[PDB]
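Structure first, then comments.
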Amino acid sequence: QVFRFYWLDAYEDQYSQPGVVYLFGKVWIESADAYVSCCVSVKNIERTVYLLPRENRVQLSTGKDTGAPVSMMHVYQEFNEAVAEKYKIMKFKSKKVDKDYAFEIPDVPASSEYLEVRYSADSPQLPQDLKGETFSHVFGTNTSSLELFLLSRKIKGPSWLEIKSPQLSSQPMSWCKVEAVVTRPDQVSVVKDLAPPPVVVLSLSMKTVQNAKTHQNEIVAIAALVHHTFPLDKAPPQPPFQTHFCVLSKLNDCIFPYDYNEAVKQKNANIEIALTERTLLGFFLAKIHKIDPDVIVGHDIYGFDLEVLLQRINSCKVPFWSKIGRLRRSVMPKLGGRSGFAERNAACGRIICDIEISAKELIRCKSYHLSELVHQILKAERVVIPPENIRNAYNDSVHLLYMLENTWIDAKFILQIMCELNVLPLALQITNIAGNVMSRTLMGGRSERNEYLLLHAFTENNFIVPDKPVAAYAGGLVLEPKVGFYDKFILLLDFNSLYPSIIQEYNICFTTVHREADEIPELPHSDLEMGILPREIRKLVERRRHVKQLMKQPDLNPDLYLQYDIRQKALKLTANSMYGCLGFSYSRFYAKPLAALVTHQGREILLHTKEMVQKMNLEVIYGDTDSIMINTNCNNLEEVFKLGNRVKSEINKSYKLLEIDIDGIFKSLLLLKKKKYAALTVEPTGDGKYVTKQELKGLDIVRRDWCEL
DNA sequence: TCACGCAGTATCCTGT
RNA sequence: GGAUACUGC
Ligand SMILES: Nc1nc2c(ncn2[C@H]2C[C@H](O)[C@@H](COP(=O)(O)OP(=O)(O)OP(=O)(O)O)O2)c(=O)[nH]1
Ligand SMILES: [Mg+2]
Ligand SMILES: [Mg+2]
């Protein structure tokens with residue numbers, strides 16, 4: 001009876017079905033002794049709102065303070081008599097909860113006794129600014145259903161969930177193989193310490209042609225590579241694809257060169273030849289339904305691939321468009337909108353991986369075209385089929401087969417790139433750390449991840465989170481450089497996780513600093529307890545540190561090492577974003593004061609460090625917001641290292657959690673301008689010997705807007 | 001429906 | 001005064 005399944009994606013429709021969340025994932029079946037797709041519909045996720053009592057009764061804001069003390073009974077009576085009837089709410093359940101609060105709404109105390117009202121999602125929605133006579137504010141009016149489910153059930157990222165007493169479905173509701181319905185959200189729980197299951201993956205590449213008359217792109221070939229046991233916690237499987245399927249359709253005008261039959265006969269039996277685009281799209285939809293991939297990967301999938309797929313399906317009236325997704329629906333989502341949210345909805349329940357977004361997030365390249373990505377990652381050369389030659393290729397069997405094989409090779413390249421960067425395992429790790437949905441993580445961006453991280457952190461610690469929204473401050477300090485050429489060892493001292501360590505050390509948090517709705521707030525007292533933001537930051541930092549320790553293992557494979565490096569970078573960025581969102585205008589946690597303070601402290605720190613170095617009678621020639629370059633004026637490497645250690649210790653002696661380390665020893669330096677220099681980093685091998693590696697920072701030579709020559 | 005912060009260097013244009 | 005790029009942290 002207990003349904004144990006691994007959940008990968010969640011989809012909700014705020015307008016069609018209120019209070020229903022469609023989780024999708026994998027379940028284990030002994031009859032087939034394998035893993036099959038499952039769709040669980042959590043129902044009746046009741047709206048929860050919090051009412052804040054007033055200290056003194058106010059005559060509907062007309063007579064102002066009246067002097068009558070207000071208790072929870074007064075608030076409940078006011079809600080039951082006036083608000084409920086006015087806004088057409090039939091049935092609700094109310095209780096009292098003591099909750100804390102520290103955010104950007106004034107007159108809301110730190111810890112207050114709120115009245116929590118729970119009522120179905122079918123009823124209307126109370127206004128945000130609703131003010132009565134006993135309560136001064138209402139929180140949670142527009143909270144989404146998925147957010148409520150995830151936060152209430154403490155679900156963070158893909159994981160194993162147990163459902164008690166599942167129910168079947170009166171009629172089919174999904175294209176999966178197993179379905180269940182949960183009548184309450186309390187029946188779903190998370191079970192920890194279990195391995196992720198394998199997930200099917202389909203890498204697809206399309207080749208189209210632009211019909212000038214309609215200016216609409218028409219599909220002529222599709223290729224797909226499918227793996228049925230792709231892991232989410234281990235290295236990619238070699239080879240990266242198990243099976244494949246290719247479909248080729250004749251254009252609306254041209255005809256085959258009277259030899260396609262023999263060509264396909266002698267080539268292979270896995271190529272399906274169709275005569276009309278309708279048949280091609282139908283066969284593709286049927287194949288997608290049969291394979292049932294949990295991850296669909298491609299290049300420009302959000303931009304061109306899926307948009308053109310849906311457009312052609314609509315134009316050709318191909319039956320059963322919903323096969324492209326995992327939920328059976330009648331009305332297509334509206335074509336348009338920013339990014340690919342319409343495309344995401346069209347493929348609801350199926351994770352979509354655009355290697356362009358992941359490449360932009362993970363690595364840096366001059367261009368993110370497929371050719372450049374293959375050149376830089378896989379180190380291979382990809383041939384390009386001119387757009388004007390695809391149409392003319394329908395004149396010989398050899399050329400058409402070559403076109404189809406080119407599409408196949410493009411799909412293989414996409415899958416190989418996906419495997420190389422560890423897009424999927426890294427996405428899973430980031431999602432688990434943050435707590436968002438995996439599709440959101442793979443769509444790119446940083447705001448959502450930190451938003452959900454802080455949401456979970458605050459909800460777990462008995463807080464009322466804000467309501468979703470419906471050069472502004474000083475930054476770092478860049479010391480004036482002594483531009484020139486230095487032929488002696490240059491010692492670079494860099495701080496470790498500067499801003500996160502500042503947040504931890506000085507205890508900068510929402511609940512610690514006293515903000516007032518553009519001046520730098522005072523540092524919080526040292527007699528308080530560590531807040532939520534510091535603790536979370538610490539966690540992230542520790543994760544990164546552990547990864548670095550792994551990177552330090554001796555005799556490690558190159559590729560694996562690189563992977564670890566990428567991971568480190570990701571985590572660092574996450575922490576930095578946890579800082580930066582504090583000054584993000586459109587963030588759910590806009591706390592510009594706090595961020596300002598952070599930066600200010602950083603500046604102070606740098607200043608102090610510089611002063612100390614000068615008190616040691618050394619020379620300081622550069623520094624960018626956490627670093628100092630010292631002209632050792634020496635040529636004995638060992639001695640330089642000694643000095644490093646010395647100053648390092650000295651600096652550390654002033655701080656508890658902050659740390660400074662030797663970020664590099666430059667044999668020679670060419671310091672041109674602020675944030676523009678070159679050097680020969682010294683990597684010691686042992687016995688006093690060392691190798692030199694060229695390093696450039698900010699020079700035009702490392703910019704993409706100049707001719708390669 | 002979206003989207004991390006700020007400091008800094010380089011190039012180019014201002015008619016109806 | 002403005003506009004367009006992309007480095008640094
Ligand atoms: N908001 C934001 N801030 C950043 C980003 N990159 C760097 N910073 C800021 C915050 C960092 O604490 C500060 C110091 O830069 P670093 O590159 O030396 O990183 P950090 O010291 O945090 O760690 P590390 O020296 O690599 O161990 O610069 C970023 O991508 N976003
Ligand atoms: Mg640093
Ligand atoms: Mg000026």
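Labels for the structure tokens follow display order: chains A, B, ..., residues from 1 in each chain, ligands from 1.
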Quick one: which residues from chain B are at most 6 Å off chain A, using only C-alpha atoms (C1' of nucleotides), as a count of residues only? 3
TODO: Write down, as a PyMOL selection string, each residue of chain C that has any atom within 6 Å of an atom of chain A, counting only C-alpha atoms (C1' of nucleotides).
DONE: chain C and resi 7-9
TODO: Can you list, as a PyMOL selection string, all residues belonging to segment 403-565 of chain A that DSSP tags as alpha helix (DSSP H)?
DONE: chain A and resi 403-421+423-434+438-442+447-460+498-506+532-551+558-565
Would you list the contacts of residue 95 of chain A as a VMD selection string, taking every protein, DNA or RNA residue within 8 Å and counting only C-alpha atoms (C1' of nucleotides), but skipping same-chain residues closer than 6 positions in sequence?
-> chain A and resid 115 to 117
Contacts of residue 570 of chain A at 10 Å (only C-alpha atoms (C1' of nucleotides); same-chain gap of 6+ positions) as a ChimeraX atom specification = /A:361-362,426,430,544,564,576
Export N, CA and C atoms of the chosen residues as a PDB file, in the first residue's frame?
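After the write, out.pdb holds the following:
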ATOM      1  N   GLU A 361      26.282  28.846 -17.974  1.00  0.00           N
ATOM      2  CA  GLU A 361      26.391  28.862 -16.519  1.00  0.00           C
ATOM      3  C   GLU A 361      27.715  28.276 -16.044  1.00  0.00           C
ATOM      4  N   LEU A 362      28.156  27.175 -16.652  1.00  0.00           N
ATOM      5  CA  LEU A 362      29.256  26.382 -16.115  1.00  0.00           C
ATOM      6  C   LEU A 362      30.619  26.846 -16.619  1.00  0.00           C
ATOM      7  N   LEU A 426      25.348  17.656 -11.427  1.00  0.00           N
ATOM      8  CA  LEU A 426      25.550  18.965 -10.817  1.00  0.00           C
ATOM      9  C   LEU A 426      24.222  19.676 -10.598  1.00  0.00           C
ATOM     10  N   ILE A 430      22.904  20.924  -6.940  1.00  0.00           N
ATOM     11  CA  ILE A 430      22.499  22.303  -6.685  1.00  0.00           C
ATOM     12  C   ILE A 430      21.044  22.353  -6.242  1.00  0.00           C
ATOM     13  N   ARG A 544      31.995  23.634  -0.078  1.00  0.00           N
ATOM     14  CA  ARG A 544      33.056  23.970  -1.013  1.00  0.00           C
ATOM     15  C   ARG A 544      34.391  23.476  -0.484  1.00  0.00           C
ATOM     16  N   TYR A 564      35.656  18.313 -10.537  1.00  0.00           N
ATOM     17  CA  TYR A 564      35.647  18.838  -9.182  1.00  0.00           C
ATOM     18  C   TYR A 564      35.797  20.346  -9.212  1.00  0.00           C
ATOM     19  N   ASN A 576      28.083  33.446  -3.402  1.00  0.00           N
ATOM     20  CA  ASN A 576      28.168  34.844  -3.789  1.00  0.00           C
ATOM     21  C   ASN A 576      26.785  35.375  -4.112  1.00  0.00           C
TER      22      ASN A 576
END
DSSP strand (DSSP E or B) residues within segment 236-428 of chain A, listed as a PyMOL selection string: chain A and resi 243-249+271-274+295-298+327+351-354
Nearby polymer residues, ligand 2, at most 8 Å, only C-alpha atoms (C1' of nucleotides) and all ligand atoms, as a PyMOL selection string = chain A and resi 494-498+626-627
Just write the chosen residues, C-alpha atoms, as a compact mmCIF listing (two decimals), in the first residue's frame.
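Final output, again-v1.txt:
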# COMPACT_ATOMS: atom_id res chain seq x y z
CA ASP A 494 43.87 36.63 -0.94
CA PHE A 495 41.03 36.20 1.53
CA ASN A 496 39.09 32.93 1.64
CA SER A 497 35.36 33.43 0.99
CA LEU A 498 35.55 37.09 1.94
CA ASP A 626 39.94 41.07 -1.04
CA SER A 627 43.59 40.78 -2.16
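For residue 12 of chain B, the non-local neighbours within 12 Å, defined as residues at least 2 positions apart in the same chain or in other chains and counting only C-alpha atoms (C1' of nucleotides), are residues 10 and 14 of chain B; 2, 3, 4 and 5 of chain C.
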